[PDB]
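The lines below spell out each chain.
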Amino acid sequence: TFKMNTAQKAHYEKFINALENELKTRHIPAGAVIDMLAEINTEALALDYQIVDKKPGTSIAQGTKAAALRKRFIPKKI
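Residues numbered from 1 in each chain as written, not as in the entry; some residues may be left out. Heavy atoms only, no water.

Judging from the entry metadata, X-ray crystallography is the method by which this structure was determined, and 1.770 Å is the reported resolution.

Trainee: Describe in detail the packing of helix α1 (residues 6-23) against helix α2 (residues 30-45), supporting the description with residues and values.
Mentor: Each pair of packed helices can be described by the angle between their axes along with the distance between the axes. For the pair α1 and α2, the least separation of the axes is 11 Å and the interaxial angle reads 160°. Judged on the interaxial angle alone, α2 and α1 are roughly antiparallel. Of the two possible hands of crossing, α1 and α2 adopt the one that is right-handed. Facing α1, whose interface residues are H11, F15 and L19, α2 presents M36, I40, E43 and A44. (Axes fitted to C-alpha atoms, helices over the stretch in contact; angles between N-to-C directions. Helix = DSSP H or I, 4+ residues; strand = E, 2+ residues; numbered from the N terminus. Parallel < 35°, antiparallel > 145°, perpendicular 65-115°, else oblique. Left-handed = near helix turned anticlockwise from the far one by under 90°. Contact = heavy atoms within 4.5 Å.)

Trainee: Now, about the packing of aromatic side chains: what can you tell me, with residues and values included?
Mentor: The full count for this structure, using the stated rule, is 1 aromatic pair. When the ring of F15 is compared with that of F73, the centres are 6.4 Å apart and the planes differ by 85°; the resulting orientation is edge-to-face. Taken as a pair, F15 in helix α1 and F73 in strand β2 (residues 73-77) lie far apart in primary sequence, 58 residues in all. The two residues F15 and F73 agree in class, both being buried. (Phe/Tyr/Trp six-rings, centres within 6.5 Å; stacked < 30°, edge-to-face > 60°. Buried < 20%, exposed > 50% of the residue type's maximum accessible area, 1.4 Å probe, protein only.)

Trainee: Give a detailed account of the environment of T25, specifying residues and quantitative values.
Mentor: Mapped onto the fold, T25 is located in the loop between α1 and α2. Here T25 falls in the exposed class, since its relative accessible area comes to 68%. Distance in space between the C-alpha atoms of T25 and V52 is 24 Å, their sequence separation being 27 residues.

Trainee: Which residues make up the side chain of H11, and what are the values?
Mentor: You can see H11 is positioned in helix α1. The buried category is assigned to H11, whose relative accessible area is 13%. Polar side-chain contacts of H11 include one of 2.9 Å to the side chain of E43. Sequence-distant contacts of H11, that is, excluding residues within four places in its chain, are made with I40, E43, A44, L47 and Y49. (Polar contact = N/O pair within 3.5 Å; in protein donor to acceptor, adjacent residues only side chain to side chain.)

Dropping the structure here:
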């Protein structure tokens with residue numbers, strides 16, 4: 001993340017934290033993850049970065065924490 005600016009990082013962290021919070025109470029199926037990626041990347045585009053799923057097409061388990069989420073959903077400047 002040293003490559004990204006403060007706006008990109010703030011947006012990304014807001015997403016990671018929101019996702020962790022969602023996952024406190026539920027599992028998120030693979031199809032929902034795909035839809036989520038489109039939603040968040042449509043926003044991230046306005047900030048000139050994208051989030052890449054390193055485990056594409058998979059679900060996310062309940063209780064997954066921010067640290068694990070950051071290893072899977074990686075931000076890259078466009």
